[PDB]
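Worksheet: the structure to be examined is printed underneath.
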Amino acid sequence: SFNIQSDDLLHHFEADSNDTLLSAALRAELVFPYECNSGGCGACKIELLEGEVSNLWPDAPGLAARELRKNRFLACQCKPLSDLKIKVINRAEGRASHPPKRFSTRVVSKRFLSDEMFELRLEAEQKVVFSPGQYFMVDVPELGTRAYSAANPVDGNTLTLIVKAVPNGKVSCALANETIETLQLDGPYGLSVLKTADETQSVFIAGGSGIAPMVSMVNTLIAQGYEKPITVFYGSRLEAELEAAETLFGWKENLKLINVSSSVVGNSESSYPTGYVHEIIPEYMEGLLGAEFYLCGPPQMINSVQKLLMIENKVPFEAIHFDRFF
Ligand SMILES: Cc1cc2nc3c(=O)[nH]c(=O)nc-3n(C[C@H](O)[C@H](O)[C@H](O)COP(=O)(O)OP(=O)(O)OC[C@H]3O[C@@H](n4cnc5c(N)ncnc54)[C@H](O)[C@@H]3O)c2cc1C
Ligand code: FES
Ligand code: NI
Ligand code: NI
Ligand code: NI
Ligand code: NI
């Protein structure tokens with residue numbers, strides 16, 4: 001156990017040799033800036049002042065090469081080799097209600113939603129807790145560990161994942177194609193979560209695997225009797241996934257699913273608006289004044305929709321929740 005000190009933190013904390021600095025801080029009940037826990041966003045960046053560390057992923061894109069030369073690391077990609085003194089670069093913007101914990105699961109079902117998208121249902125030996133919008137780190141031995149979002153409302157010892165098999169992707173393709181009886185998880189993690197307050201309505205915008213946290217959040221709203229409008233914009237190049245989306249969300253009168261197809265040929269025998277979600281949203285924007293927006297999944301879409309909302313319209317930063325998968 002190594003002692004980790006920082007003037008930027010409320011108190012020092014211990015880190016086990018097997019934890020990253022970010023994981024250890026969160027288990028120590030500290031607020032710590034992060035978003036993705038996956039080396040892409042850069043939010044968890046630290047400067048190493050005293051001590052030695054192991055860099056889990058030198059080529060992590062969340063850090064510029066110049067920053068590495070200036071003794072910076074990503075806390076989510078950094079393990080201590082000694083007691084440390086660190087500087088936390090960014091201001092922390094939120095704290096999760098449930099802290100991350102390691103636990104085992106049994107895979108109780110696998111179901112293909114389309115050629116590339118499938119649903120896993122997992123069972124733990126104790127209740128699986130999270131805030132809808134959060135994710136769990138799923139390890140596949142000898143291949144890697146990746147974040148996957150809860151796709152269910154919180155419910156006993158269960159967890160649902162919705163995974164897209166990424167071409168040449170190590171972990172997602174293994175989850176798709178292998179028969180795996182047990183999975184070791186660590187979570188929940190994540191700060192982009194369902195919130196209900198003074199918003200006029202809720203708007204959920206995703207593409208591909210980004211559907212997963214949307215299903216948890218929307219189905220939670222349905223279960224909890226949310227009465228304000230819920231609008232889901234969902235895009236894919238594969239119309240089989242748009243069709244799958246129709247079955248994934250629960251039903252309620254105030255829920256509208258707007259599937260948008262960028263597919264080359266017309267499939268499914270159900271015509272959708274064509275193009276990309278950032279092309280379709282503008283004709284709804286007048287009616288979405290005051291919404292809470294949740295943006296989930298792929299970079300091209302989150303980038304395009306972010307510009308649409310904050311530049312072309314006047315949606316404040318505070319009304320938008322970013323869940324970037326990188
Ligand atoms: C917050 C968050 C939530 C997510 N939720 C979902 C979800 O609900 N459903 C879903 O399908 N996907 C989700 N993803 C994406 C998912 O975590 C994987 O990135 C995706 O499944 C592809 O992983 P892969 O191993 O198959 O592909 P790979 O291309 O083999 O690896 C995926 C990414 O990890 C990079 N990488 C390479 N080496 C390492 C390393 N040592 N450590 C970490 N990363 C490395 C790769 O360069 C690549 O960019 C989420 C991602 C994030 C950050
Ligand atoms: S939380 Fe570490 S790079 Fe995103
Ligand atoms: Ni102490
Ligand atoms: Ni404390
Ligand atoms: Ni809770
Ligand atoms: Ni455009």
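Identifiers in this document derive from the order of the structure tokens: chains are assigned A, B, ..., residues are numbered from 1 separately in each chain, and ligands are numbered from 1 in order of occurrence.
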
Discussion item. What does the list of residues within 8 Å of ligand 4 look like if you count only C-alpha atoms and all ligand atoms, written as a PyMOL selection string?
Written reply: chain A and resi 10-11+28-30

Discussion item. Can you pull out the residues contacting range 82-93 of chain A? Cut-off 6 Å, using only C-alpha atoms, and skip same-chain residues under 4 positions away; I want them as a PyMOL selection string.
Written reply: chain A and resi 2-6+8+32-33+45-52

Just to be explicit: take each residue in the selection above, keep N, CA, C and O atoms, and write the result as a compact mmCIF listing (two decimals), in the first residue's frame.
# COMPACT_ATOMS: atom_id res chain seq x y z
N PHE A 2 0.70 2.11 -1.00
CA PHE A 2 1.50 3.33 -1.08
C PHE A 2 0.68 4.55 -0.71
O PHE A 2 -0.47 4.68 -1.13
N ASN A 3 1.28 5.44 0.07
CA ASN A 3 0.61 6.67 0.45
C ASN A 3 0.69 7.74 -0.63
O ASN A 3 1.78 8.06 -1.12
N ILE A 4 -0.47 8.29 -0.98
CA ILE A 4 -0.56 9.31 -2.02
C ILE A 4 -0.99 10.64 -1.43
O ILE A 4 -2.05 10.73 -0.82
N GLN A 5 -0.15 11.66 -1.61
CA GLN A 5 -0.40 12.99 -1.06
C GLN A 5 -0.60 14.01 -2.16
O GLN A 5 0.05 13.93 -3.19
N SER A 6 -1.48 14.97 -1.93
CA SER A 6 -1.64 16.09 -2.85
C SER A 6 -2.22 17.30 -2.14
O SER A 6 -3.18 17.18 -1.39
N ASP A 8 -3.87 19.33 -3.58
CA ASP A 8 -5.12 19.57 -4.29
C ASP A 8 -6.26 18.69 -3.79
O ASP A 8 -7.39 18.80 -4.27
N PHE A 32 -12.35 13.46 -7.43
CA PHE A 32 -11.18 13.48 -8.30
C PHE A 32 -11.68 13.72 -9.72
O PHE A 32 -12.66 13.10 -10.13
N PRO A 33 -11.04 14.64 -10.46
CA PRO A 33 -11.52 14.91 -11.82
C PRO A 33 -11.27 13.72 -12.74
O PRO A 33 -10.16 13.18 -12.78
N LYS A 45 -5.70 14.14 -15.47
CA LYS A 45 -4.27 14.39 -15.59
C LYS A 45 -3.65 14.87 -14.27
O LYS A 45 -4.23 15.66 -13.53
N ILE A 46 -2.45 14.37 -13.99
CA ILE A 46 -1.72 14.78 -12.79
C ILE A 46 -0.31 15.13 -13.17
O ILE A 46 0.17 14.73 -14.23
N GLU A 47 0.36 15.90 -12.31
CA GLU A 47 1.81 16.07 -12.40
C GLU A 47 2.45 15.32 -11.25
O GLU A 47 2.07 15.50 -10.08
N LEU A 48 3.44 14.48 -11.56
CA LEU A 48 4.15 13.74 -10.52
C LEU A 48 5.23 14.62 -9.90
O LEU A 48 6.13 15.09 -10.60
N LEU A 49 5.14 14.85 -8.59
CA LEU A 49 6.09 15.74 -7.92
C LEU A 49 7.18 14.97 -7.19
O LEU A 49 8.36 15.33 -7.24
N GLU A 50 6.78 13.92 -6.49
CA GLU A 50 7.71 13.07 -5.77
C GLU A 50 7.27 11.62 -5.92
O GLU A 50 6.07 11.33 -5.92
N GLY A 51 8.23 10.72 -6.08
CA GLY A 51 7.91 9.30 -6.16
C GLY A 51 8.02 8.69 -7.55
O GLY A 51 8.35 9.38 -8.53
N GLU A 52 7.75 7.39 -7.62
CA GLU A 52 7.86 6.65 -8.87
C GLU A 52 6.53 6.02 -9.25
O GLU A 52 5.77 5.57 -8.39

Discussion item. Using only C-alpha atoms and all ligand atoms, which residues have at least one atom no more than 7 Å from ligand 5? Output them as a VMD selection string.
Written reply: chain A and resid 97 to 98 129 to 131

Item to complete: Go through the chains and note each residue within 7 Å of ligand 6, using only C-alpha atoms and all ligand atoms, then give the set as a PyMOL selection string.
Response: chain A and resi 278-279+304

Generate a file of the selected residues that holds N, CA, C and O atoms, formatted as a JSON list (two decimals), in the first residue's frame.
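Resulting contents of again_13.json:
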[["chain", "number", "residue", "atom", "x", "y", "z"],
["A", 278, "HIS", "N", -27.33, 15.03, -36.26],
["A", 278, "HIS", "CA", -27.13, 16.48, -36.18],
["A", 278, "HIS", "C", -27.82, 17.22, -37.33],
["A", 278, "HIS", "O", -28.00, 18.44, -37.28],
["A", 279, "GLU", "N", -28.23, 16.47, -38.36],
["A", 279, "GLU", "CA", -28.95, 17.04, -39.50],
["A", 279, "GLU", "C", -30.46, 17.05, -39.26],
["A", 279, "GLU", "O", -31.19, 17.82, -39.90],
["A", 304, "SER", "N", -20.37, 16.94, -33.65],
["A", 304, "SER", "CA", -21.34, 17.61, -34.50],
["A", 304, "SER", "C", -22.52, 18.16, -33.71],
["A", 304, "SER", "O", -22.97, 19.28, -33.94]]

Worksheet entry | Within-7 Å residues of ligand 1, basis only C-alpha atoms and all ligand atoms, as a PyMOL selection string | chain A and resi 35-39+56-57+135+144-150+161-166+168-173+190+209-210+212-213+323-326

Fill in: Those of range 88-294 of chain A in DSSP strand (DSSP E), formatted as a VMD selection string
chain A and resid 88 101 to 112 117 to 123 135 to 140 144 to 149 158 to 164 182 to 189 202 to 207 230 to 236 255 to 261 292 to 294

Let me see the file: selected residues, C-alpha atoms, as a PDB file, in the first residue's frame.
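result_30.pdb, freshly written:
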ATOM      1  CA  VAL A  88      -4.039  17.380  -9.717  1.00  0.00           C
ATOM      2  CA  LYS A 101     -15.901  -1.647  -6.271  1.00  0.00           C
ATOM      3  CA  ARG A 102     -14.414  -4.829  -7.716  1.00  0.00           C
ATOM      4  CA  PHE A 103     -16.761  -7.809  -7.998  1.00  0.00           C
ATOM      5  CA  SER A 104     -17.326 -10.990 -10.001  1.00  0.00           C
ATOM      6  CA  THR A 105     -20.273 -11.729 -12.275  1.00  0.00           C
ATOM      7  CA  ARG A 106     -21.763 -14.717 -14.056  1.00  0.00           C
ATOM      8  CA  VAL A 107     -22.890 -14.311 -17.661  1.00  0.00           C
ATOM      9  CA  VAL A 108     -26.501 -15.485 -17.673  1.00  0.00           C
ATOM     10  CA  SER A 109     -27.359 -14.581 -21.259  1.00  0.00           C
ATOM     11  CA  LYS A 110     -26.031 -13.313 -24.556  1.00  0.00           C
ATOM     12  CA  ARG A 111     -28.430 -12.118 -27.248  1.00  0.00           C
ATOM     13  CA  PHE A 112     -27.615 -10.578 -30.629  1.00  0.00           C
ATOM     14  CA  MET A 117     -24.685  -5.312 -31.511  1.00  0.00           C
ATOM     15  CA  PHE A 118     -25.460  -7.714 -28.673  1.00  0.00           C
ATOM     16  CA  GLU A 119     -26.844  -7.722 -25.154  1.00  0.00           C
ATOM     17  CA  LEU A 120     -25.133  -9.372 -22.190  1.00  0.00           C
ATOM     18  CA  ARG A 121     -26.967  -9.992 -18.946  1.00  0.00           C
ATOM     19  CA  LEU A 122     -24.742 -10.438 -15.896  1.00  0.00           C
ATOM     20  CA  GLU A 123     -25.445 -11.549 -12.333  1.00  0.00           C
ATOM     21  CA  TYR A 135     -20.320   2.304 -16.626  1.00  0.00           C
ATOM     22  CA  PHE A 136     -18.345  -0.686 -15.353  1.00  0.00           C
ATOM     23  CA  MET A 137     -14.856  -1.817 -16.280  1.00  0.00           C
ATOM     24  CA  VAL A 138     -15.079  -5.337 -17.712  1.00  0.00           C
ATOM     25  CA  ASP A 139     -11.884  -7.389 -17.885  1.00  0.00           C
ATOM     26  CA  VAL A 140     -11.221 -10.123 -20.390  1.00  0.00           C
ATOM     27  CA  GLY A 144      -7.894  -6.097 -22.008  1.00  0.00           C
ATOM     28  CA  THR A 145     -10.265  -4.122 -19.794  1.00  0.00           C
ATOM     29  CA  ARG A 146     -12.917  -1.788 -21.221  1.00  0.00           C
ATOM     30  CA  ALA A 147     -15.757   0.404 -20.004  1.00  0.00           C
ATOM     31  CA  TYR A 148     -19.331  -0.726 -20.734  1.00  0.00           C
ATOM     32  CA  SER A 149     -22.396   1.252 -19.673  1.00  0.00           C
ATOM     33  CA  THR A 158     -28.387  -7.800 -12.304  1.00  0.00           C
ATOM     34  CA  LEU A 159     -26.517  -5.855 -14.948  1.00  0.00           C
ATOM     35  CA  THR A 160     -27.285  -5.479 -18.633  1.00  0.00           C
ATOM     36  CA  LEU A 161     -24.643  -4.438 -21.166  1.00  0.00           C
ATOM     37  CA  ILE A 162     -25.177  -3.509 -24.809  1.00  0.00           C
ATOM     38  CA  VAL A 163     -21.983  -3.922 -26.772  1.00  0.00           C
ATOM     39  CA  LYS A 164     -20.974  -3.199 -30.345  1.00  0.00           C
ATOM     40  CA  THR A 182     -17.659 -15.278 -15.666  1.00  0.00           C
ATOM     41  CA  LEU A 183     -16.488 -11.652 -15.878  1.00  0.00           C
ATOM     42  CA  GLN A 184     -14.588  -9.603 -13.318  1.00  0.00           C
ATOM     43  CA  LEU A 185     -15.930  -6.075 -13.047  1.00  0.00           C
ATOM     44  CA  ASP A 186     -14.930  -2.820 -11.394  1.00  0.00           C
ATOM     45  CA  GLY A 187     -17.476  -0.052 -10.911  1.00  0.00           C
ATOM     46  CA  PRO A 188     -19.556   1.909 -11.127  1.00  0.00           C
ATOM     47  CA  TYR A 189     -17.587   4.746 -12.681  1.00  0.00           C
ATOM     48  CA  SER A 202     -35.227  15.282 -21.545  1.00  0.00           C
ATOM     49  CA  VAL A 203     -33.402  14.734 -24.819  1.00  0.00           C
ATOM     50  CA  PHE A 204     -31.138  11.747 -25.397  1.00  0.00           C
ATOM     51  CA  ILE A 205     -28.866  11.689 -28.434  1.00  0.00           C
ATOM     52  CA  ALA A 206     -26.710   8.728 -29.432  1.00  0.00           C
ATOM     53  CA  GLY A 207     -25.382   6.505 -32.167  1.00  0.00           C
ATOM     54  CA  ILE A 230     -38.613  12.372 -23.517  1.00  0.00           C
ATOM     55  CA  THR A 231     -37.112  12.521 -27.007  1.00  0.00           C
ATOM     56  CA  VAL A 232     -34.499  10.067 -28.201  1.00  0.00           C
ATOM     57  CA  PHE A 233     -32.487  10.747 -31.344  1.00  0.00           C
ATOM     58  CA  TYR A 234     -30.682   7.564 -32.359  1.00  0.00           C
ATOM     59  CA  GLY A 235     -28.488   7.181 -35.418  1.00  0.00           C
ATOM     60  CA  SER A 236     -26.789   4.260 -37.150  1.00  0.00           C
ATOM     61  CA  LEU A 255     -41.527   8.978 -25.122  1.00  0.00           C
ATOM     62  CA  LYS A 256     -40.646   9.592 -28.778  1.00  0.00           C
ATOM     63  CA  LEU A 257     -37.918   7.612 -30.531  1.00  0.00           C
ATOM     64  CA  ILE A 258     -36.503   9.262 -33.638  1.00  0.00           C
ATOM     65  CA  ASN A 259     -34.318   6.793 -35.509  1.00  0.00           C
ATOM     66  CA  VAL A 260     -32.082   8.332 -38.176  1.00  0.00           C
ATOM     67  CA  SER A 261     -30.484   6.136 -40.831  1.00  0.00           C
ATOM     68  CA  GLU A 292     -31.696  18.625 -20.566  1.00  0.00           C
ATOM     69  CA  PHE A 293     -29.482  17.023 -23.242  1.00  0.00           C
ATOM     70  CA  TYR A 294     -27.574  13.753 -22.943  1.00  0.00           C
TER      71      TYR A 294
END
